[PDB]
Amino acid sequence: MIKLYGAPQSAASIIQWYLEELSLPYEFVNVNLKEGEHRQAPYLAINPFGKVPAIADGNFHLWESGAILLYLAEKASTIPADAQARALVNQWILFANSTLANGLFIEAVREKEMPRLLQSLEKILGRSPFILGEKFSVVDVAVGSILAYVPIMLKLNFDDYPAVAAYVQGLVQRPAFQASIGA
C-alpha cells in the first residue's frame, strides 16, 4: 500500500485528508525531525532534500505535497483526463504551494497580497460551492488546507470574506477533515 512519510505540523496532514476523502488505506511512517532523522541516508534516499511529506508506492518514491496530491488524484481517476484537464488541476496545486501560501504566510508581503488573494477567491467561491464548481476535488484539499491554516497559525479570520469563511467552515466540518487536519 501507499506509505506516507510525515511528522506533526507538516503538510503530511494534508495528504492524510485527501487519503481520507478517497477512503484509501496507507501506512503512516513518522520521521523524527526533532532528532534529525530526515537528514540521514535512509530518509535522504526517499527525499534527497530531507523534507516531509513523501510517499513510497512499491518501488516508486515521490516528494512535494502538491505532487503527491496530483499523483493520488490521477491514480483514483475513472474518466481518462487530457493535458488541459490535468493542467487546470496542476494550476491550483501550484497556486496553493506558491502564490497563495507566500501571500498569506510571508510577513513582508502579507499586507499587500493577502487581501488581494482573498478578494479574488471571494468572487470565485461566491459563484460556486467549490473551486472547480459543484463538486469537491483535490483542488479544495490544496487551497482549502492553506486557508484553514490561517486561523490555526496566524490568529486571523475571514469575516470580511463571507463566501471564503463559509467555504472554509464547510471544509473543516467534513468528517475526512476532522479525522486528519482537524485531529
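Numbering starts at 1 and follows the sequence shown.
Student: Mean CA B-factor: is it higher for 105-113 or for 83-91?
Tutor: Here the higher of the two C-alpha B-factor means belongs to 105-113.
Student: Comparing 155-163 with 15-23, which has the greater mean CA B-factor as deposited?
Tutor: It is 155-163 that shows the higher mean C-alpha B-factor.
Student: Of the options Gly144, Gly126, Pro48, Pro53, which has the highest CA B factor as deposited?
Tutor: Checking the PDB record, the top C-alpha B-factor among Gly144, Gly126, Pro48, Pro53 is at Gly126.
Student: According to the Cα B-factor stored in this entry, which of the following is highest: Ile68, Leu132, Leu121, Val138?
Tutor: The C-alpha B-factor peaks, among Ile68, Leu132, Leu121, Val138, at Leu132.
Student: Rank-wise, by C-alpha B-factor, drop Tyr43 into the lowest, middle or highest third of its chain.
Tutor: Within its chain, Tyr43 is a middle-third residue by C-alpha B-factor, going by the deposited values.
Student: Which third of the chain does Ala76 land in by C-alpha B-factor: lowest, middle or highest?
Tutor: Answer is highest: the recorded C-alpha B-factor places it there.
Student: If you rank every modelled residue in this chain by C-alpha B factor, which third holds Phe60: lowest, middle or highest?
Tutor: Ranked within chain, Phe60 CA B lands in the middle tercile.
Student: Check where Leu33 lands among this chain's C-alpha B-factors and tell me if it's the lowest, middle or highest third.
Tutor: It falls in the middle third of the chain.
Student: Lowest, middle or highest third: where is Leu4 by C-alpha B factor in its chain?
Tutor: Lowest third, going by the recorded CA B-factors of the chain.
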